[PDB]
Each structure stands twice: as C-alpha cells, then as structure tokens.
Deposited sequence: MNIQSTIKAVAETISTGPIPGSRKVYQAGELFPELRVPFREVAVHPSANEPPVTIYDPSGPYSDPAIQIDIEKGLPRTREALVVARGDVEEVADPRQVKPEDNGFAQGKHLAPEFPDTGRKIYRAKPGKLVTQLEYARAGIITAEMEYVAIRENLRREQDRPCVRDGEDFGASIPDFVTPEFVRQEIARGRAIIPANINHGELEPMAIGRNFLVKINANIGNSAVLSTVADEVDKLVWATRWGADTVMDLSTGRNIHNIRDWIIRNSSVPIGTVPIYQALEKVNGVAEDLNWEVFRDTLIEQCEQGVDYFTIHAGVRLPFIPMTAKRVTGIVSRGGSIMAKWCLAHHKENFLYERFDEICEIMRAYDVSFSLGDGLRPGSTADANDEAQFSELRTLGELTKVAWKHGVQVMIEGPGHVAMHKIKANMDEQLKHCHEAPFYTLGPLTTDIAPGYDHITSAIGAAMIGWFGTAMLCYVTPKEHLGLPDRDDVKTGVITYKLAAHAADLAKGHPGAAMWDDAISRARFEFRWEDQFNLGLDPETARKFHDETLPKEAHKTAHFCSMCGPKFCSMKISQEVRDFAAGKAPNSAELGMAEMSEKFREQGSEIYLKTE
C-alpha cells in the first residue's frame, strides 16, 4: 500500500510532457498524448507521440494507488442512460466508494450495439482523436507503403471508428465498470497495439503495471494464479488507465483447488460475474478447444502448450465430453454483453514449436473461432481472435490469410510469433521478427515476449525490454503499412541524426535515457 506509493515510477516521460486534445462531440473529453519539442534552431513543430502511460505521467494529477485513479470515464457512461447500479454486488490485502453497474434489463450497452444503431459514443470520438496524433489535414497526403488491402484512411473520423466497430473489424474494450479507463481501439485499420502480461506482493504487480504502461503497453493482462487473485486484481484495475484483460479459467481452476477435472460451469460462471463487476475489459476464453481436436495434437513435437488450452483439454479428456465453454457459449455471451466485456477467443491449440506451425489442430481451432465469432456478434459482443505462437517466417503470411478468411476480418491478436526455437534468453528478439511481419500483414495487436520466456518470471527490467521491443515492432509495421502518421516520427529522429542534434535524437527515441547513457 505505502510500499507501492513510492516504488512506482511517475512524472513526465524524459524528454517530453503530457498534452491533451479536447473532444467536440463530447467537450469534456481530454485525450492524452505526449509531446517532444526539438531544438529551437531546428525550427520544427513538436512531435506528438501516442501515450498509454495515464495520469501517472501528468504532474498535475495526484497519484494515490490506495484510492485508485480518477474515474473520468464513469460520467460519460451513466449519461447514456442504459446502466443501473447493481443493488447487491458479488463479494469474495483488500482494496480500500465505487458504484458497480450493469445494463438495465432489456437495454443495450456494448460499443458494437451502439455502432450498429448508428450511434457515435464518447469512447468512439475519444479513439478517433487518439488515433490521429494531432495531425492536421493541411498538407497533401502521399502514401508510401504496402498494407495488403487494408482500409487505413488519410485521417480517422469518429464516423470511421463507428463503421469499423459495427462491421466487426475493430473493437474498443471498455467494461462499464472500469471507470478509470482511457479508451483505445484495436483493429487493422488503426495503429498496431501491444499487450504486456503481468502476474505470478501487491506493490510488485501494481509497479509492473505502471512500468509497463509507462513505456507504451496498450493493454495489460493479469495472469495471476494461486491465492488471492481477486483482491490482487482490484489493485491493478482500479489503478489502470489501459484496458485490463484476464483468462477467467485461471481463477476458476483455483476455486477447485487446481483440479481441472473438478471444473464446472457454475464456478466458471461465478468467476465471470465477479470479474465483470470488477471492471475487466476482455476475457481470453479457449472455447475452441473441442474434444475431437485434442487427438490431433498427440503427434505434435510439443503437444499443447497453452495454459488455458491444457486445462480445458484435461477436462474434456477426463469426462469424454465436448468443451463446456464451447457448450455454454451462448450463456457466456449473455453475461458479457451486460457489462460490455470483449471476447478474446483463445488459441488453446497454438504451436509451441515451429515444427507444429499451421498444423491441423491449430487451423481446426481457428476455423471454429470464426464460427464462434458470428455467434458472439449475434449477441452483440465484440471479438478479437488470438493467434500463435511459434511460426517460421515462410508460414506467417499463411497464418494471416487463414484468419482473415475464416474469422470475418475480426481483429487478430498474436503471441509473436517466434520465428525459431533455438534462442532461449533472446525470445523477445526471435518474436519481434515474427511480430513485426504479421502486424505488417494485418495483425491488430501483439502480445509481448520477454527475454525470460521459456525460463523464468519477468522482473520489471524484463517487462520494459519486452515493451520497448514490441513498440518498435509495432511501429515498424505501421511504417511498412504506410500508416499516415508513422513516418513523421522516423523523419524527425533522422533529421536530428543528420544535424547532430544529439539531445533531440535521444528525446525522440522509444527509450531516451538508455540512448543518452549509451552515447
């Protein structure tokens, strides 16, 4: 509590300052960016950089993790008139005022539902502003890139955001119970986003949360297992300005003392409700691990490597019945749409080795995920699809084409891929290669990999390394795609290099203090 209050890193990002752009449709919005001014003699405008760090890097805002972040999104949600306060919330150190919400009976609360109704929500304008990086349409816009048939506009408008969401091609993860959130969008026609994984002291985890988003993590997932992951997660969500994801089966397994066999729908249901009221923005759910797909993995070089996938497979095998997450998929949807939680359909059968890439198991699950996508959309629930994994370079394009076709252009969310298995200790690098390429091919979010992958638990230095690696991978992809806003950054830093403006070069880099130190 107090041990965290000091250990966490706050203050402006070295070389820059927090700036805000206000909304027009919703005049009270303040959309955050960070700004990097260069030498006056350079005679250039400051450079605007996308910033997921939150109020933590704004000295005007008092931080107190014991109280949580300001709930600056709560008012915009209540004002829509479709949510009511939950009379008696579910209940499980404890986090020390916050009302808990749920859609009114018969009301529609998801971003997808709103978008299909023709409605531009506050979150949507928020995202449109955020995605433009304060660029003005004052100069001609010439595209240099190859985006493989994507529809990235010269300039994002709130109406474009609504169009993308309504068609299922973008999502805004935004539980009505995460009032702290600074809205972001995931989708091919926007900037490539990245995810940081946290989870095994409360301070340590909040710390990694703040550290991860300080350096550019766009979402964070709390992958905690073991004792007291509910209370733990309170501390993270209340103090997070980025979307927070989870794998609900992890906690459900704990309730049944780590026995996959003893898992059931009731425990999983209770867990969902608990996490919905908590403010979790997306759930990874391995509903595509079907009974008959499991024997397809017996011949694999590395079997089933997914944690969530292994758990479901163990249940299916012990009972010899169809995956109950797959079975109750409609009932899962009826819960999530009441709070606007997004689906992240998991790859239980992802390749754990390049030998296993693009095999029958992986693709069978993938095509099943596409089917479930349409069922999710019918209930008005937003979706993204999870991908591999270990994939040699010549198979990465093929991964992307299978997803695009079989999953109806829903956003893709990958773990790497790692492009070779032979370099433990450097897996952030083997995966950065695969991550940059697949993002180029159209992947919307990249889950990070740290050097400790396959070996140990990431400390806050491994977290940073991972985040910086994936930020540069994501940006390399934006640039190759010809994203309208990518090359101003590269050109700014390159003009500084040219003129020997060493300080501007450091301040414009993903990691200014490391660059200055090495110089």
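J.: Please report every deposited-sequence interval that has no C-alpha in the structure, sorted by position.
T.: Residues lacking C-alpha coordinates: 1-6, 99-112, 117-118, 223-227, 547-612.
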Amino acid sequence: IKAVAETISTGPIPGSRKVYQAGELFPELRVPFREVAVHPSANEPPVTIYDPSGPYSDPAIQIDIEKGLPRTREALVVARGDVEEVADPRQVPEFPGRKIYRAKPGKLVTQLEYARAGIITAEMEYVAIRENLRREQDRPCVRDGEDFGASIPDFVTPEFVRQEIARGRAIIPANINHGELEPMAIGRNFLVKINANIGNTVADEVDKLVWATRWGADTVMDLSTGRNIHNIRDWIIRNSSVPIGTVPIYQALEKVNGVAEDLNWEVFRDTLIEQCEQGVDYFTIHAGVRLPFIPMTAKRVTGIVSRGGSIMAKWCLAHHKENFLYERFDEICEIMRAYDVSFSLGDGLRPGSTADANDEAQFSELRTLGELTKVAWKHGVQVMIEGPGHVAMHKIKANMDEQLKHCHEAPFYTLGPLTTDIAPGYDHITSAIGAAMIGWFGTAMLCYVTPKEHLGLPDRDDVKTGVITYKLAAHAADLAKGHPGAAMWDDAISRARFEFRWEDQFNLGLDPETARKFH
From here on, numbers count along this sequence of modelled residues.
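J.: Given that the flanking residues are present, does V92 go without coordinates in at least a third of the other entries of this protein?
T.: That residue is missing from at least a third of the other compared entries.
J.: Would you determine, from the values in the PDB entry, which of 462-470 and 488-496 has the greater average C-alpha temperature factor?
T.: Here the higher of the two C-alpha B-factor means belongs to 462-470.
J.: Name the higher of the two by mean Cα B-factor in the PDB entry, 448-456 versus 48-56.
T.: So the stretch with the higher mean C-alpha B-factor is 448-456.
J.: Quiz for you: based on the deposited Cα B-factor, which of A22, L510, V19, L25 is highest?
T.: In this record, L25 carries the highest C-alpha B-factor of the candidates.
J.: Tell me, please, which of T110, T271, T368, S431 has the highest C-alpha B factor according to the deposited entry?
T.: Answer for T110, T271, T368, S431: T368, with the highest C-alpha B-factor.
J.: Looking at the entry's B-factor column for C-alpha atoms only, identify whether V36 ranks in the lowest, middle or highest third of its chain.
T.: CA B-factor rank for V36: lowest third.
J.: How does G199 rank on Cα B-factor within its chain, lowest, middle or highest third?
T.: Within its chain, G199 is a highest-third residue by C-alpha B-factor, going by the deposited values.
J.: Taking the C-alpha B-factors as the PDB entry records them, is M384 in the lowest, middle or highest third of its chain?
T.: Lowest third.
J.: Against its chain's modelled residues, does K67's Cα B factor rank lowest, middle or highest third?
T.: Ranked within chain, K67 CA B lands in the highest tercile.
J.: Using the B-factors in the PDB entry, rank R290's C-alpha atom against the chain and give the third, lowest, middle or highest.
T.: Highest third - that is where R290 ends up once the chain's C-alpha B-factors are sorted.
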